[PDB]
Each structure stands twice: as C-alpha cells, then as structure tokens.
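Peer 1: For reference, this is target.pdb, and it has PDB, C-alpha atoms and all ligand atoms.
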ATOM      1  CA  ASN U 701      90.233 137.853  59.606  1.00  0.00           C
ATOM      2  CA  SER U 702      92.631 140.509  58.268  1.00  0.00           C
ATOM      3  CA  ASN U 703      96.391 139.774  58.682  1.00  0.00           C
ATOM      4  CA  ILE U 704      97.277 143.393  59.544  1.00  0.00           C
ATOM      5  CA  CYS U 705      96.167 145.640  62.457  1.00  0.00           C
ATOM      6  CA  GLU U 706      93.269 147.830  61.449  1.00  0.00           C
ATOM      7  CA  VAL U 707      94.764 150.937  63.138  1.00  0.00           C
ATOM      8  CA  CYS U 708      98.515 150.835  62.295  1.00  0.00           C
ATOM      9  CA  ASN U 709      98.392 148.543  59.194  1.00  0.00           C
ATOM     10  CA  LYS U 710     101.258 146.334  60.475  1.00  0.00           C
ATOM     11  CA  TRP U 711     101.412 142.586  61.204  1.00  0.00           C
ATOM     12  CA  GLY U 712     102.440 141.337  64.616  1.00  0.00           C
ATOM     13  CA  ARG U 713     100.624 139.777  67.624  1.00  0.00           C
ATOM     14  CA  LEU U 714      97.023 140.404  66.494  1.00  0.00           C
ATOM     15  CA  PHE U 715      93.693 139.776  68.236  1.00  0.00           C
ATOM     16  CA  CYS U 716      90.876 138.939  65.927  1.00  0.00           C
ATOM     17  CA  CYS U 717      87.298 140.238  66.038  1.00  0.00           C
ATOM     18  CA  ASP U 718      84.692 137.430  66.329  1.00  0.00           C
ATOM     19  CA  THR U 719      82.001 139.381  64.547  1.00  0.00           C
ATOM     20  CA  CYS U 720      83.867 141.093  61.734  1.00  0.00           C
ATOM     21  CA  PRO U 721      87.121 140.433  59.836  1.00  0.00           C
ATOM     22  CA  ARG U 722      89.191 143.203  61.568  1.00  0.00           C
ATOM     23  CA  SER U 723      92.260 142.535  63.678  1.00  0.00           C
ATOM     24  CA  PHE U 724      94.168 144.562  66.261  1.00  0.00           C
ATOM     25  CA  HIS U 725      97.278 144.909  68.159  1.00  0.00           C
ATOM     26  CA  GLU U 726      96.529 144.824  71.871  1.00  0.00           C
ATOM     27  CA  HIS U 727      97.191 148.557  72.554  1.00  0.00           C
ATOM     28  CA  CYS U 728      96.112 149.755  69.083  1.00  0.00           C
ATOM     29  CA  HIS U 729      92.504 148.789  69.961  1.00  0.00           C
ATOM     30  CA  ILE U 730      90.803 151.287  72.285  1.00  0.00           C
ATOM     31  CA  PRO U 731      90.046 150.190  74.931  1.00  0.00           C
ATOM     32  CA  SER U 732      93.084 147.727  75.001  1.00  0.00           C
ATOM     33  CA  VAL U 733      91.947 144.282  73.807  1.00  0.00           C
ATOM     34  CA  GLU U 734      90.193 142.573  76.712  1.00  0.00           C
ATOM     35  CA  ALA U 735      91.994 139.535  78.404  1.00  0.00           C
ATOM     36  CA  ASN U 736      89.273 136.898  78.158  1.00  0.00           C
ATOM     37  CA  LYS U 737      85.831 137.357  76.415  1.00  0.00           C
ATOM     38  CA  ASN U 738      85.125 134.608  73.885  1.00  0.00           C
ATOM     39  CA  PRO U 739      83.566 135.670  71.635  1.00  0.00           C
ATOM     40  CA  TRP U 740      85.179 139.145  71.391  1.00  0.00           C
ATOM     41  CA  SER U 741      83.660 142.006  69.518  1.00  0.00           C
ATOM     42  CA  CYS U 742      85.823 145.023  68.463  1.00  0.00           C
ATOM     43  CA  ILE U 743      84.872 148.657  68.877  1.00  0.00           C
ATOM     44  CA  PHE U 744      83.649 148.906  65.283  1.00  0.00           C
ATOM     45  CA  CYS U 745      81.151 146.077  65.989  1.00  0.00           C
ATOM     46  CA  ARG U 746      80.088 147.621  69.322  1.00  0.00           C
ATOM     47  CA  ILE U 747      79.369 150.979  67.686  1.00  0.00           C
ATOM     48  CA  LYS U 748      77.371 149.318  64.898  1.00  0.00           C
ATOM     49  CA  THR U 749      75.275 147.526  67.563  1.00  0.00           C
ATOM     50  CA  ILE U 750      74.413 150.874  69.244  1.00  0.00           C
ATOM     51  CA  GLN U 751      73.082 152.212  65.958  1.00  0.00           C
ATOM     52  CA  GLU U 752      71.129 149.002  65.226  1.00  0.00           C
ATOM     53  CA  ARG U 753      69.478 148.944  68.634  1.00  0.00           C
ATOM     54  CA  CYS U 754      68.430 152.618  68.226  1.00  0.00           C
ATOM     55  CA  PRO U 755      68.172 153.609  64.560  1.00  0.00           C
ATOM     56  CA  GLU U 756      66.901 157.076  65.523  1.00  0.00           C
ATOM     57  CA  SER U 757      70.332 157.720  67.101  1.00  0.00           C
ATOM     58  CA  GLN U 758      71.431 158.562  63.524  1.00  0.00           C
ATOM     59  CA  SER U 759      69.034 161.476  63.111  1.00  0.00           C
ATOM     60  CA  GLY U 760      70.846 164.814  63.117  1.00  0.00           C
ATOM     61  CA  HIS U 761      71.999 166.437  66.347  1.00  0.00           C
ATOM     62  CA  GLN U 762      73.247 169.859  67.362  1.00  0.00           C
ATOM     63  CA  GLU U 763      76.904 169.922  68.419  1.00  0.00           C
ATOM     64  CA  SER U 764      76.076 172.008  71.465  1.00  0.00           C
ATOM     65  CA  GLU U 765      73.716 169.287  72.764  1.00  0.00           C
ATOM     66  CA  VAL U 766      76.269 166.517  72.035  1.00  0.00           C
ATOM     67  CA  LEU U 767      79.003 168.314  73.951  1.00  0.00           C
ATOM     68  CA  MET U 768      76.897 168.608  77.124  1.00  0.00           C
ATOM     69  CA  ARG U 769      76.198 164.897  77.293  1.00  0.00           C
ATOM     70  CA  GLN U 770      77.495 163.125  80.304  1.00  0.00           C
ATOM     71  CA  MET U 771      80.050 160.425  79.688  1.00  0.00           C
ATOM     72  CA  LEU U 772      77.767 157.430  80.285  1.00  0.00           C
ATOM     73  CA  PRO U 773      78.938 154.076  78.776  1.00  0.00           C
ATOM     74  CA  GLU U 774      77.650 154.757  75.252  1.00  0.00           C
ATOM     75  CA  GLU U 775      79.237 158.223  75.056  1.00  0.00           C
ATOM     76  CA  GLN U 776      82.469 156.843  76.548  1.00  0.00           C
ATOM     77  CA  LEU U 777      82.488 154.238  73.762  1.00  0.00           C
ATOM     78  CA  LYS U 778      81.818 156.786  71.058  1.00  0.00           C
ATOM     79  CA  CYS U 779      84.756 158.991  72.285  1.00  0.00           C
ATOM     80  CA  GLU U 780      87.007 155.889  72.352  1.00  0.00           C
ATOM     81  CA  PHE U 781      86.047 155.105  68.765  1.00  0.00           C
ATOM     82  CA  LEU U 782      86.550 158.709  67.641  1.00  0.00           C
ATOM     83  CA  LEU U 783      90.074 158.661  69.295  1.00  0.00           C
ATOM     84  CA  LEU U 784      90.748 155.367  67.458  1.00  0.00           C
ATOM     85  CA  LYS U 785      89.759 156.839  64.125  1.00  0.00           C
ATOM     86  CA  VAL U 786      92.408 159.559  64.616  1.00  0.00           C
ATOM     87  CA  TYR U 787      95.082 156.929  65.423  1.00  0.00           C
ATOM     88  CA  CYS U 788      94.069 155.162  62.205  1.00  0.00           C
ATOM     89  CA  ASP U 789      95.632 158.002  60.206  1.00  0.00           C
ATOM     90  CA  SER U 790      99.390 157.640  59.848  1.00  0.00           C
ATOM     91  CA  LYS U 791      99.798 161.403  60.416  1.00  0.00           C
ATOM     92  CA  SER U 792      98.665 160.859  63.992  1.00  0.00           C
ATOM     93  CA  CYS U 793     102.291 159.922  64.839  1.00  0.00           C
ATOM     94  CA  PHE U 794     103.078 163.592  65.072  1.00  0.00           C
ATOM     95  CA  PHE U 795     100.524 164.161  67.837  1.00  0.00           C
ATOM     96  CA  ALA U 796     100.736 160.854  69.790  1.00  0.00           C
ATOM     97  CA  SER U 797     103.493 161.452  72.306  1.00  0.00           C
ATOM     98  CA  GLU U 798     104.450 164.378  74.547  1.00  0.00           C
ATOM     99  CA  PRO U 799     105.727 167.264  72.455  1.00  0.00           C
ATOM    100  CA  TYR U 800     108.469 169.781  73.247  1.00  0.00           C
ATOM    101  CA  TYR U 801     108.858 173.319  72.064  1.00  0.00           C
ATOM    102  CA  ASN U 802     112.122 175.071  71.157  1.00  0.00           C
ATOM    103  CA  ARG U 803     111.830 177.049  67.952  1.00  0.00           C
ATOM    104  CA  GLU U 804     113.250 180.485  67.274  1.00  0.00           C
ATOM    105  CA  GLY U 805     110.418 183.052  67.227  1.00  0.00           C
ATOM    106  CA  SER U 806     107.785 180.837  68.922  1.00  0.00           C
ATOM    107  CA  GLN U 807     106.802 180.120  72.457  1.00  0.00           C
ATOM    108  CA  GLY U 808     105.309 176.756  73.475  1.00  0.00           C
ATOM    109  CA  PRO U 809     101.595 176.443  74.390  1.00  0.00           C
ATOM    110  CA  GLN U 810     100.338 177.118  77.907  1.00  0.00           C
ATOM    111  CA  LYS U 811      98.596 173.736  77.941  1.00  0.00           C
ATOM    112  CA  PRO U 812     100.327 171.031  75.971  1.00  0.00           C
ATOM    113  CA  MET U 813      98.207 168.127  74.822  1.00  0.00           C
ATOM    114  CA  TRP U 814      98.743 164.904  72.934  1.00  0.00           C
ATOM    115  CA  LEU U 815      96.837 161.746  71.877  1.00  0.00           C
ATOM    116  CA  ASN U 816      98.370 159.403  74.425  1.00  0.00           C
ATOM    117  CA  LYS U 817      97.418 161.788  77.210  1.00  0.00           C
ATOM    118  CA  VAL U 818      93.776 161.807  75.939  1.00  0.00           C
ATOM    119  CA  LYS U 819      93.962 158.040  75.725  1.00  0.00           C
ATOM    120  CA  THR U 820      94.999 157.789  79.373  1.00  0.00           C
ATOM    121  CA  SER U 821      92.399 160.342  80.427  1.00  0.00           C
ATOM    122  CA  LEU U 822      89.653 158.289  78.786  1.00  0.00           C
ATOM    123  CA  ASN U 823      90.982 155.083  80.293  1.00  0.00           C
ATOM    124  CA  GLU U 824      91.042 156.645  83.768  1.00  0.00           C
ATOM    125  CA  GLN U 825      87.438 158.071  83.309  1.00  0.00           C
ATOM    126  CA  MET U 826      88.620 161.657  83.779  1.00  0.00           C
ATOM    127  CA  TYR U 827      86.107 163.237  81.419  1.00  0.00           C
ATOM    128  CA  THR U 828      82.597 163.751  82.800  1.00  0.00           C
ATOM    129  CA  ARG U 829      81.105 165.163  79.613  1.00  0.00           C
ATOM    130  CA  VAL U 830      81.753 164.789  75.888  1.00  0.00           C
ATOM    131  CA  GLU U 831      82.904 168.446  75.880  1.00  0.00           C
ATOM    132  CA  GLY U 832      85.984 167.504  78.038  1.00  0.00           C
ATOM    133  CA  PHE U 833      87.215 165.034  75.478  1.00  0.00           C
ATOM    134  CA  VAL U 834      86.464 167.225  72.451  1.00  0.00           C
ATOM    135  CA  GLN U 835      88.136 170.261  74.010  1.00  0.00           C
ATOM    136  CA  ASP U 836      91.416 168.333  74.606  1.00  0.00           C
ATOM    137  CA  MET U 837      91.308 166.889  71.087  1.00  0.00           C
ATOM    138  CA  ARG U 838      90.815 170.302  69.488  1.00  0.00           C
ATOM    139  CA  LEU U 839      93.553 171.763  71.716  1.00  0.00           C
ATOM    140  CA  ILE U 840      96.069 169.347  70.201  1.00  0.00           C
ATOM    141  CA  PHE U 841      95.618 170.895  66.771  1.00  0.00           C
ATOM    142  CA  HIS U 842      95.175 174.468  67.946  1.00  0.00           C
ATOM    143  CA  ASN U 843      98.514 174.307  69.867  1.00  0.00           C
ATOM    144  CA  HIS U 844     100.214 172.955  66.731  1.00  0.00           C
ATOM    145  CA  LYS U 845      98.853 175.740  64.479  1.00  0.00           C
ATOM    146  CA  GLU U 846      99.853 178.445  66.851  1.00  0.00           C
ATOM    147  CA  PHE U 847     103.383 177.098  67.435  1.00  0.00           C
ATOM    148  CA  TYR U 848     104.320 176.375  63.845  1.00  0.00           C
ATOM    149  CA  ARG U 849     102.996 179.767  62.586  1.00  0.00           C
ATOM    150  CA  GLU U 850     103.924 180.057  58.935  1.00  0.00           C
ATOM    151  CA  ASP U 851     106.030 176.923  58.644  1.00  0.00           C
ATOM    152  CA  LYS U 852     104.386 174.617  56.198  1.00  0.00           C
ATOM    153  CA  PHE U 853     104.432 171.924  58.944  1.00  0.00           C
ATOM    154  CA  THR U 854     101.292 173.672  60.266  1.00  0.00           C
ATOM    155  CA  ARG U 855      99.380 171.791  57.590  1.00  0.00           C
ATOM    156  CA  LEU U 856      99.778 168.490  59.442  1.00  0.00           C
ATOM    157  CA  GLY U 857      97.561 169.947  62.212  1.00  0.00           C
ATOM    158  CA  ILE U 858      94.972 171.010  59.651  1.00  0.00           C
ATOM    159  CA  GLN U 859      94.975 167.577  58.071  1.00  0.00           C
ATOM    160  CA  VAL U 860      94.645 165.558  61.268  1.00  0.00           C
ATOM    161  CA  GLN U 861      92.010 168.016  62.663  1.00  0.00           C
ATOM    162  CA  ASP U 862      89.955 167.393  59.515  1.00  0.00           C
ATOM    163  CA  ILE U 863      89.997 163.622  60.172  1.00  0.00           C
ATOM    164  CA  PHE U 864      88.957 164.282  63.757  1.00  0.00           C
ATOM    165  CA  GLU U 865      86.091 166.609  62.758  1.00  0.00           C
ATOM    166  CA  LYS U 866      84.680 164.415  59.943  1.00  0.00           C
ATOM    167  CA  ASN U 867      84.677 161.441  62.269  1.00  0.00           C
ATOM    168  CA  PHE U 868      83.103 163.527  65.109  1.00  0.00           C
ATOM    169  CA  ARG U 869      80.237 164.530  62.806  1.00  0.00           C
ATOM    170  CA  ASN U 870      79.767 160.913  61.662  1.00  0.00           C
ATOM    171  CA  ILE U 871      79.954 159.154  65.052  1.00  0.00           C
ATOM    172  CA  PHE U 872      77.823 161.611  66.968  1.00  0.00           C
ATOM    173  CA  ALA U 873      75.414 162.123  63.982  1.00  0.00           C
ATOM    174  CA  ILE U 874      75.762 165.854  63.846  1.00  0.00           C
ATOM    175  CA  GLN U 875      73.080 167.494  61.642  1.00  0.00           C
ATOM    176  CA  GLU U 876      74.437 168.081  58.166  1.00  0.00           C
ATOM    177  CA  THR U 877      74.771 171.751  57.104  1.00  0.00           C
ATOM    178  CA  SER U 878      76.065 174.024  54.321  1.00  0.00           C
TER     179      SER U 878
HETATM  180 ZN    ZN U 901      98.450 148.188  65.404  1.00  0.00          ZN
HETATM  181 ZN    ZN U 902      84.522 143.707  64.758  1.00  0.00          ZN
HETATM  182 ZN    ZN U 903      65.586 153.300  69.980  1.00  0.00          ZN
END
In structure tokens, write the structure found in this file.
Ligand SMILES: [Zn+2]
Ligand SMILES: [Zn+2]
Ligand SMILES: [Zn+2]
Peer 2:
Amino acid sequence: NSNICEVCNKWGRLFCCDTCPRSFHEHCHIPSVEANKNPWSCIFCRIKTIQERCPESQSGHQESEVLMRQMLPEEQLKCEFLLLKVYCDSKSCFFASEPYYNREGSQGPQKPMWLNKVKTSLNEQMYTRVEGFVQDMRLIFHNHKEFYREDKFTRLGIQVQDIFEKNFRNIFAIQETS
C-alpha cells in the first residue's frame, strides 16, 4: 500500500485498500472509511467494479440524460467519487470551507456554496437527482468568478472547475464532442 493519503498526499493515520495499493485518511475518503469491513475496498475499486460488471456503461451519454438520473446507489457513488476527485486537487482548499465576502466593489453571492457543504448534503442523501449535485458544484465556481471579477484570483475557480468538468465527463461517460 501507499504510505501517503491518495487525496491530500500526506502521511498520518491511514486506512489501506484491500484491493488496490491506495491509502486514505478516514475523512479524506468519501464516504468516510467504514468502521469494520474486512476486506475493505476504496471508492476507486468500487467504481472500477461498476464498469466491469457493465462494460456498456462506458458508451457515450448525453449530459441532459445523466443529470435527470435519480440518485440510486450507483449514481450516489459516482457523485461521491467525482467530489473526491475535486478534493484530490490541492487548489480545492480554496473552496472547501464556508466562504465570506467583504471586498470593495463586489457583493457576495445570493447562494453561497462550498465543498464541505456538498459533502454533507451527499452524506445526508439530500440530492434526489444527479442534477442537484452538479448544480451545487457548478455554483461554487460561478460564485467565485462573479465575486472576484477582474482580480486574477478568479483563475482559481476556472482551474478547479476544469478538474470538476473533466472528471464529470469521465465518470459519467459523457459522449465525446468537438
Ligand atoms: Zn488525506
Ligand atoms: Zn482500492
Ligand atoms: Zn451490463
């Protein structure tokens, strides 16, 4: 097994995957690493199993169809993995915790949003469709772009949104386009 957490790249109290060499901090894994379960399989392994059981699940899909899917267990897992892939980027620190807004010439967003809030919402099964989760994720970056206007800090939102979107297209097998 790896000697650093797959998400945050730090050592510490790590839980080891039984079916792959990845390791995790308890609350870096999503969902939080389960108490018992020997063997234990991480989210990466669980996603790979989905694809192996149903190879046709990798044929291209329309985003509009994906978004209307109900959050059954497989879609729940896929959203958890997509959230985890965003946390894997170090630039996610800027969007993890509850933001505050006091900048000359800007007004804060009407609906603030952050990664830890999405994390809790997923944990508490508050999203009924994939669209719920994706809307809150995209709102994180949209709020950031609007607030930071022409400050170059706006680019952090662009960068983390790009990681989100690339991973969304990969995990949900969105049909490739030009
Ligand atoms: Zn970690
Ligand atoms: Zn694994
Ligand atoms: Zn199948």
Peer 1: I'd like a table as a Markdown table: residues in chain U with an atom no more than 12 Å from ligand ZN 902 (chain U), each row giving the shortest atom pair and its distance in Å to one decimal, all atoms listed in the file counted, sorted by chain and rising residue number.
Peer 2:
| residue | atom | partner | partner_atom | distance |
| --- | --- | --- | --- | --- |
| U:701 | CA | U:ZN902 | ZN | 9.7 |
| U:702 | CA | U:ZN902 | ZN | 10.9 |
| U:706 | CA | U:ZN902 | ZN | 10.2 |
| U:715 | CA | U:ZN902 | ZN | 10.6 |
| U:716 | CA | U:ZN902 | ZN | 8.0 |
| U:717 | CA | U:ZN902 | ZN | 4.6 |
| U:718 | CA | U:ZN902 | ZN | 6.5 |
| U:719 | CA | U:ZN902 | ZN | 5.0 |
| U:720 | CA | U:ZN902 | ZN | 4.1 |
| U:721 | CA | U:ZN902 | ZN | 6.5 |
| U:722 | CA | U:ZN902 | ZN | 5.7 |
| U:723 | CA | U:ZN902 | ZN | 7.9 |
| U:724 | CA | U:ZN902 | ZN | 9.8 |
| U:729 | CA | U:ZN902 | ZN | 10.8 |
| U:733 | CA | U:ZN902 | ZN | 11.7 |
| U:739 | CA | U:ZN902 | ZN | 10.6 |
| U:740 | CA | U:ZN902 | ZN | 8.1 |
| U:741 | CA | U:ZN902 | ZN | 5.1 |
| U:742 | CA | U:ZN902 | ZN | 4.1 |
| U:743 | CA | U:ZN902 | ZN | 6.4 |
| U:744 | CA | U:ZN902 | ZN | 5.3 |
| U:745 | CA | U:ZN902 | ZN | 4.3 |
| U:746 | CA | U:ZN902 | ZN | 7.5 |
| U:747 | CA | U:ZN902 | ZN | 9.4 |
| U:748 | CA | U:ZN902 | ZN | 9.1 |
| U:749 | CA | U:ZN902 | ZN | 10.4 |
Peer 1: Could you list the residues chosen by the PyMOL selection byres (((not hetatm)) within 10 of (chain U and resi 901)) in this structure as a list in words?
Peer 2: residues 704, 705, 706, 707, 708, 709, 710, 711, 712, 713, 714, 723, 724, 725, 726, 727, 728, 729, 787 and 788 of chain U
Peer 1: Could you list, as a PyMOL selection string, all residues that come within 7 Å of ligand ZN 903 (chain U)? Count only C-alpha atoms and all ligand atoms.
Peer 2: chain U and resi 753-756
Peer 1: So that I can check the surroundings of segment 775-777 of chain U, please list as a PyMOL selection string every protein, DNA and RNA residue that reaches within 10 Å of it, counting all atoms listed in the file and ignoring chain neighbours fewer than 5 positions away.
Peer 2: chain U and resi 730-731+743+746-747+750+766+769-770+782-783+822-823+825+827-830+833+872
Peer 1: Between atom CA of residue 774 of chain U and atom CA of residue 795 of chain U, measure the distance and give it in Å to one decimal.
Peer 2: 25.8 Å
